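Taken in order, these protein sequences are the chains called a and R.
Quick note: the first sequence uses PDB author numbering, first residue 297, plus one each step.
Quick note: the second sequence uses PDB author numbering, first residue 3, plus one each step.
Where a beta carbon is used, it is the ideal one built from N, C-alpha and C, also for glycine.
Report on the structure given below.
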Amino acid sequence: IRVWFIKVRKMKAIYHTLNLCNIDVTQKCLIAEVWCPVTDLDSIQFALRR
Amino acid sequence: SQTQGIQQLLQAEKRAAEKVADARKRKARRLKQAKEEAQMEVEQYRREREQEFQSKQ
């Protein structure tokens with residue numbers, strides 16, 4: 297039951313993050329404006345390519 | 003990054019409108035053209051059956 301809780305809560309959190317979205321005219325892609333450290337951008341893009 | 007986003011939309015709109023209109027026009031004209039072709043070939047078939055019935059007589 298605990299892991300069911302954490303899965304469901306996180307998934308709610310994912311939907312919350314997805315609420316913040318580029319409402320484009322036609323794009324099926326999304327362009328999000330986010331603040332992020334310049335320190336870790338190498339790990340950022342490593343994660344993205346993963 | 004700000005130019006291509008509208009280029010996509012414009013070419014997509016062009017394709018959608020042009021293709022729906024072209025299909026509808028193709029449809030309306032193929033009605034009459036198929037009608038004419040089928041009717042004339044029917045008349046030629048009627049000539050063929052005229053020939054066959056004359057031979058049988």
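Query raised in the report: Which chain a residues sit within Cβ distance under 7 Å of R:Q9?
Result: Counted from its first residue, the second sequence places residue 9 of chain R at position 7. Neighbours of R:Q9 on chain a: none; closest Cβ ~11 Å, over 7 Å.
Report task. Ignoring anything shorter than 3 residues or poking outside the region 9–47 of chain R, list the beta strand (DSSP E) runs there in chain order. Result -> none
Report task. Check distances from the C-beta atoms of the region 9–33 of chain R to those of chain a and list, in chain order, the residues that come in under 7 Å. Result -> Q10, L11, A14
Requested in this report: Round the Cβ separation of a:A328 and a:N318 to the nearest angstrom and send it over; I've been treating them as touching at under 8 Å.
Outcome: Stepping through the first sequence from its first residue, residue 328 of chain a is reached at position 32. Stepping through the first sequence from its first residue, residue 318 of chain a is reached at position 22. So it is a contact: roughly 6 Å between Cβ atoms.
Query raised in the report: Taking Cβ to Cβ, would you say R:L11 is nearer than 8 Å to a:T322?
Result: By one-based count along the second sequence, residue 11 of chain R stands at place 9. By one-based count along the first sequence, residue 322 of chain a stands at place 26. The answer is yes: Cβ separation under 8 Å.
Query - Proximity test, Cβ basis, 8 Å: residue 370 of chain a and chain R - result: Nothing in the structure corresponds to residue 370 of chain a, since chain a is present only between 297 and 346.
Query raised in the report: By DSSP, does a:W331 sit in helix, in strand, or in coil?
Result: As a first step, residue 331 of chain a must be located in the first sequence, where it is residue number 35. Note: a:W331 maps to coil in three-state DSSP.
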